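Structure first, then comments.
Computed over heavy atoms, backbone and side chain alike; hydrogens, waters and symmetry mates excluded. Order of the sequence lines fixes the chain letters, A, B, ..., with proteins taken first and strands second; residue numbering starts at 1 for each chain.
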Amino acid sequence: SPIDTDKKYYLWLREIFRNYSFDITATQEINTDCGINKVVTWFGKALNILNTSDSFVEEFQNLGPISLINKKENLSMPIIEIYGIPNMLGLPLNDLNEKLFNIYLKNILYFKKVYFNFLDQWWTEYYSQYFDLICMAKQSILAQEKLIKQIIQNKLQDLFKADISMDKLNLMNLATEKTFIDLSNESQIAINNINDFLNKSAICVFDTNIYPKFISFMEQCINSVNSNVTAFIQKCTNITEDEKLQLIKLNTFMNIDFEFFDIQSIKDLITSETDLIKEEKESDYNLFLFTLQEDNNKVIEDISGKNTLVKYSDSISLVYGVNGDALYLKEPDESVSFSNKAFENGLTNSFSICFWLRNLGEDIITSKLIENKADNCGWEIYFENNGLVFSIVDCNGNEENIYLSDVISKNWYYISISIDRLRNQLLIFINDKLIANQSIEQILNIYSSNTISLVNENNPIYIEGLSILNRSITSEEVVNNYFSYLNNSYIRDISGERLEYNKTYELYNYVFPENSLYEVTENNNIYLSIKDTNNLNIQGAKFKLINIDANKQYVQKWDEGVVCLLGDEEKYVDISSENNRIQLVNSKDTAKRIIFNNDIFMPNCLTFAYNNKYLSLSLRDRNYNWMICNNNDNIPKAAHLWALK
Amino acid sequence: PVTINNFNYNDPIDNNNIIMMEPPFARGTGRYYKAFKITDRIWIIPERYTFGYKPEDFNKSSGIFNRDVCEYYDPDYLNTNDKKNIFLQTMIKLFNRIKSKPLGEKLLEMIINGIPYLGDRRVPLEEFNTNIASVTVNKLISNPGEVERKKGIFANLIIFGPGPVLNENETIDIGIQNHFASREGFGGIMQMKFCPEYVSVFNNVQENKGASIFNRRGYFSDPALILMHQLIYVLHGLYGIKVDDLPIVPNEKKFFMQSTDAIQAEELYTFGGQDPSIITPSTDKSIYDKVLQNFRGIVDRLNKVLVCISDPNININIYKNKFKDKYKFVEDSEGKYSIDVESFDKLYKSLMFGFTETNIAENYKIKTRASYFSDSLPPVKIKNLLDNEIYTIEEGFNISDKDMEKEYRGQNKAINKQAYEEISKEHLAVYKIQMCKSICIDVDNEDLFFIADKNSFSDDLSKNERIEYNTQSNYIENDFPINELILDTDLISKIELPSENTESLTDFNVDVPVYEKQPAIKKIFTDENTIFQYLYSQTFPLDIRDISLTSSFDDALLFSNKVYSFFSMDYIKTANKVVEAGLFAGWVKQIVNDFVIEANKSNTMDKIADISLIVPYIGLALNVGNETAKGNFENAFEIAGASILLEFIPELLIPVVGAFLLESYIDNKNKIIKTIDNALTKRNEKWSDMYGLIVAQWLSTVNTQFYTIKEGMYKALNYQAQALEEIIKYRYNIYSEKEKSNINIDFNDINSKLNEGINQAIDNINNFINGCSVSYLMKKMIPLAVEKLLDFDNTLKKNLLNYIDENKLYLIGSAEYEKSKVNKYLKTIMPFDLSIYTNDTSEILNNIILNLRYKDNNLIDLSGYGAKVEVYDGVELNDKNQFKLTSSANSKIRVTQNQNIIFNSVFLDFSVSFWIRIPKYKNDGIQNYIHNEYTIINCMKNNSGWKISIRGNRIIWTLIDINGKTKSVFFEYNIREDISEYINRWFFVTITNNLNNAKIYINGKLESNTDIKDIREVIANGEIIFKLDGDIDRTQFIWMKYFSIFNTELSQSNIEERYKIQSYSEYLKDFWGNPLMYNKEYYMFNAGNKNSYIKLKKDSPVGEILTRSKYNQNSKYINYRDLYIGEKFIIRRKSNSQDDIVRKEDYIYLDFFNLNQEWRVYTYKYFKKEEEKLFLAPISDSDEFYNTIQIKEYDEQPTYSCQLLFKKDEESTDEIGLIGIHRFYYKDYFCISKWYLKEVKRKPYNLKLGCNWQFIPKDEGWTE
């Protein structure tokens, strides 16, 4: 039945766009002697080259790149004038070698100039025909693009005559206009695939066709000149016979001497400056926030190159977060705005957003966080109960309200969201793990403002690394980004903040994450262990870190120090000798020096090392698991990871 | 604490450790057996387990006992004292291996302490009793020539020999009056039938490890893990948690279904992995509740036990404490025992999800089956376990000394071929399905599909709830961390038990099972040509030598000498061809490469969310599903999805979630609020209960069908390879002896080349099928469930809002708040996460030598094939993995490769890789540099092999075949650049050879290529030599690092990735690539101004930029620019709290030498411009400048450049600027600018920025 409803128009328009993108961007991978090549599948039918058979890619492998061009053989040997015979006076000693060596050097250059002659022939006679196919292939892509616009235009013009609300027609016109931008972008991907595909074919015909001919022609031109040097040295009389064999062996050209070819050194020739500008000015980011505290100055701005506009209320302070400076919305009714035309999504666009978050609300109350909705159309993130909620609403009233449960107060989280329209898939990550995997097949059109707003209600918050992409992301990218950002020189707390000297803490073991260490007296000595399963009500001990260099604040990897316990009397950790248990002493002189460090894949955990032996828990002993200097292999490796506060 | 005793079968009876026993199923009729006490409360009886078996059942017949195993019969096993003594010695060895690790000691410790409760369900609650067949066993005291005298003892475990089948083991419980004390919380004596000689064989078809010769060839089980697996069943029986509930029942309504007995939830819990995910959360809560009730029963008795009747010697107070510890009860001051849920929860999860075959195997480093439903192969015999050369206590078969530990080579059938013996097909019995058309073929019942019935899943979701002010959301997680279990064991505390001696048994009431055989053949009629028929067509009788490939399914199925093939017509046409002696050696290489290319064909997927690639010939090979053999397989897949592959679409069970009933409190405002909160939390529980119900159905009905398809394909591919070799071997024997002597082909090389290709094909098929399976769950099962959950949400919303209104008066000032909360709460969905149910979370693949790993001032091979390395006193080594070779005679290394594995001679699949540092040419010695060539590495025997040589300025790789033909490929670096990227600097090399081309990569980029199609055969082997060999100066040397050899061709992506991993380091590097150091003089070099350097002004405290000098009196062939010029800098520690290596993000001083003093680089605290010159002045401290720097590395790709950042203070977030070079135009200045701070954050990092620096120390490899 004919299209008569905006909902049916949206479904028709989406199918045309997805089918067009699959057709135009099709490729296949071929392993060649020459490297790895991406073959454009539709090249055969576009211009009728090797189009006489079932498959284009199969024919390409059998015949090779040469089969594409029309004039196959065009090479011509130039005129060579190697008079290699040295031109005899004096020279009575073996110091003749000085004269002969300079002749040896020149013959190498003459071999090179011939090599450049063949490259120029390849450029002028063999590359020219490849560049012609590139231009024709581009003309073909644009021609097909021009036809799809007409089909879409005709359908919309017909629909304008039907009985649909003036306002709904306005939105359909806006959605169609933004789709034309997406078709242009997808066509630009295909053009890039064509370029590299034929550039590698052109470079390769040199390796397999022109280069072997250059070998054969120069092979004879050596037999003609090396013999001419042998004849000369017999004529020379002053030097002894025994030296004649030596110098002949020392001035003889093998095939190696004239062999010049680098697959990389030719690619540098093919690349112009215009290609450098294009790669230096293209990115997937619509927004890349750059924050920089300065003396009586804040700098907050977008360095993504699309020049998003930023507006923020004064009193927005900068503070160190995870790996640089974070916005601190300390006081209520504070806001930040980002303005860009790309933020109006529509029907076909795909995008991603990611940022770090830390919430000091510690209250169970709903609150707005980040929003791009206008008249209940668009998306947003906000707090509910303990966790977060992500919402996305359609012009027709289709919704997705997804609940994320992990979030609690005073911790650092990494949130990453992706929207994919070719696959109709939604992905959400928290830190390292994939939380949600949904189909948004029913969502259709989303059209909203050009402004994204970041706000507070009463909760103070830190935000860091806010960024927006114009494409979807995969699981592998998320994991790499997460760990790479945390791979800096600082040790962290259990909550993700930097450790500090001269600050109180509680000590936990990774194997038992909810029991804290407490002091135990067995003999006159004092030890540490985790609390048993019944006396968990007991209060844990309190610890501090100390460095000899006072005025040092934050702990970094490979720093040395001591460990102190608060109480009526100062205590310090020391290793017993009778057993390797850790015991407390009341003298700072006998306190052991310990090294602090962590693991790349356990960012918020810590380790203590003494003379390259880690400190770990022990196997059960009556009611106690002691803290010891371990050397056994019968204790799990996990037992030597600790956490503070 | 656990002690193992020692015995010999011929030792006299002592009535303390060797006795005469009357086992439970003897019913007190006599026939005593001789027993040995392996350990406290554990006994061994070396005899055949004959109870309930007919005497004639010990001989093989037409019958069978089990329908899912190959059964081996041997009526002479254990029939003489010599054999009977061999049984005890092996048993003692296996127990010693179990207690060699803490996890094994805990399992034995729990079994000893887990005494059965001295009671039974028929006993009054106020007493103990011991005249029960499940508690006591009789022993004989009287001498053989005396009237009988008996005595009783306590025991926990009794171990027998195998019954009629030797490769099947069991644990049996004792049942009285059809009731089992082991399923009612009490516990009882357990029995086990065991045989440690014949073991099971499995395979790892689902494990991906790339192109490997020995991957997926069959493994045999470690008998120690078999015993442990059976000991977990004992642990359940002793603690009385062996409950029965809803089992898994197979579907048997179609000819292609697998037939089996019901499976109990305990068996799946015991196995571990993702198998407990097949039990729905509804049944998890059901089992948890029955166990809790039974423990509540036991506590009632401990509070009421006062007297003992059977034995007056029993001390009640002693026993009460044992049971209190066994069940982890809690005691109060008054003397009352109770249960605390926290304690009970930890106990329950330890026994059920803690001790599992998957956890035990991981800890001991043994290989086992992937899943309970995985396929099995015929058993084997282990020749001798008592031989320490084969089986050791510390590491079993995987002995590291023999190079059998890597990848579990110890249990690999193809490798460790001396530890086992194949069984004679005569004695094996199997259950077979014989399917005749209207021809007839036989298929083992293990080869069909397994599909669970609709009756195996519970529907407790559809029952009503009652919500009250104190309702909790119970939820059982199927997990318990293993490390918490290990740390809980005590290896020093003593073990103490009551006396075992007691009164004799008098009541012999007990139930003895009975067994019977069943017919082992079943006949059916069917006319469908399914997977079973399409595999039988790819076989030929061993009696026929002449065969030919065909694409006609019917033609192959009709003629005895014709074989079906699903490859291309091209491949089939070539294979049937006949050629002459002049072309046999070329035809063989051509076809075998075609087979490897025919398999390993794949296509990418773009428009489907979950799948990534497709294999197009699966339909032709098997014809499984809706006649996938017809038309184009790929086209049909796109329009229909994964449904086309399933042989049977199952009906999905989805209950309607029951209604909530909310209580009515009169005036408690707080209680009304709590009931609303409890209902909202309880709703999130129903979401996870529904998701669990779907995943269980997917694992046992859809995922099993896909597994059978993976096995079919692996079987189908091997059939093709067998046929190809038989065709080759026939054409070889036809040639006359005279003519045959001129054909040199190695059949061993042919066989391994094919196996390597098959492994690559199976990897692609795994990825494809795994995507298809998951894709089905997300798109055709989960959405049908979310729909009925959303219906439940709507119904609940009406119920809650109506509940608020009826209590509106009591909620003064709160009704409006609750109504908002309910509306907001029930609008969201709880998203589905698969990672909860599955255990789901490459560099090292195909490595045969990993030579350069420094250890204790020596090199060693970490490969795990045990190559021998000899380093002579002339070689220099350091802990940075950097050895140096020299012109001295003793500067040499020798590596002797193991004979077992070497690269194929006929096809040449292998690669080499390393780092290298070649010094600079001498200025005067130019002529010698350009002409002389020397070798550095050599592997050649009889002048046939490979080598690596350095001609002047050129690095080469040559290859010589048996007939003396030579090839070569090389890389050449410019020697005219002002600043070279290679001349004395570390760089990465990688060489690669296949049957067609040789390639060389430098830092991950292809550099050269050469054609080697002509090369006949390379026969190098045995030895590798590192040594400078040739006309060289006395002052020649080379550095090397990270040398390795791969037995497979490497891809461009792998080489590029390997470049980054080996380039990574937490410290900074200097100009040459060596680590940067404190207190060492350096020269500065700016990346953006490579031709300029720094100097101190003659009258001002500002550095001036000059121009780098260039080579003078130039020889026309050489050109470069100086490096040892300008100011010498030095990096100093700022703190000294903490080795001299500089690490990223360090705070430093940047000093330099002026005449005979040390100066420092300062900056003005305040300037009114983006750029300003730096201040140079002697050492001092003041409030006018900043003298703190932090050394940074902004780039993420490998590099030798670093950036220098000024800061106000260590704890401050303020930044001043980055050091660099700026032009104030046309002068250049040593400046600090704020401008760079924005640039360094732009992606991609710009290498040409003016803020990138390198440090150049003096080196012996570079001269003026």
Check each atom of [X] against the heavy atoms of chain B and say whether the ones under 4.5 Å are side chain, backbone, both or neither.
X	value
A:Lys433	neither
A:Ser283	neither
A:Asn625	side chain
A:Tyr104	side chain
A:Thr32	backbone
A:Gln438	side chain
A:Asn385	side chain
A:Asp295	both
A:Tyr403	both
A:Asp257	side chain
A:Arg593	neither
A:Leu250	both
A:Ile303	both
A:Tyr285	neither

Below 4.5 Å from any heavy atom of chain A, which atoms of B:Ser1137 appear? Answer side chain, backbone, both or neither.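 Both parts, backbone and side chain.
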Which of the residues [options] is involved in the greatest number of heavy-atom pairs with chain B at under 4.5 angstrom?
options	answer
A:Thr533, A:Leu292, A:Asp633	A:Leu292
A:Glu294, A:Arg622, A:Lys637, A:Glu29	A:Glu294
A:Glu301, A:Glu399, A:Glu400	A:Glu301
A:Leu404, A:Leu422, A:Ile635, A:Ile435	A:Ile435
A:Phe512, A:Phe261, A:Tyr554	A:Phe512

Within 45° of the axis and under 6.0 Å from the centre of the six-membered ring of A:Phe22, does NZ or CZ of B:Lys607 qualify?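 The answer is yes, since B:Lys607 meets both limits relative to A:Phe22.
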Cation-pi between A:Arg498 and A:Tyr320: NZ/CZ under 6.0 Å from ring centre and within 45° of the ring axis? yes
Going through the checks in order, is the salt bridge (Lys or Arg N to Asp or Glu O under 4.0 Å) test met by B:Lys1134 and B:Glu1210? CA-CA 11 Å; B:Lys1134 188 172 177 290; B:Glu1210 295 184 46; 3.1 Å; yes
Has B:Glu1170 got more than 12 heavy atoms of other residues, nucleotides or ligands less than 6.0 Å from its CD? yes
Is the number of heavy atoms from other residues, nucleotides or ligands under 6.0 Å of B:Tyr1186 OH greater than 12?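 Enclosed.
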Per-residue tally against chain A (heavy atom, under 4.5 Å) across B:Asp606, B:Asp833, B:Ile486 peaks at B:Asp606
Side chain to side chain donor-acceptor pair (under 3.5 Å) involving A:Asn437 - partner list, sequence neighbours excluded: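 Here the qualifying residues are A:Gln425.
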Restricting to side chain to side chain donor-acceptor pair (under 3.5 Å), what partner residues turn up for A:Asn255, sequence neighbours left out? A:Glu219
Matching residue for B:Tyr825 among B:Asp793, B:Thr681, B:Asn684 - test: side chain to side chain donor-acceptor pair (under 3.5 Å):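 By the side chain to side chain donor-acceptor pair (under 3.5 Å) criterion, B:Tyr825 pairs with just one of B:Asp793, B:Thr681, B:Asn684: B:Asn684.
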Would you call B:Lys1208 and B:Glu1215 a salt bridge, using N to O less than 4.0 angstrom? no
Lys/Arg N to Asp/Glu carboxylate O, B:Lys1243 vs B:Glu1196, below 4.0 Å: yes
Interatomic distance, A:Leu617 atom CG to A:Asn509 atom CG [nearest 0.5 angstrom]: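 Rounded to the nearest 0.5 Å, the CG-CG separation comes out at 4.0 Å.
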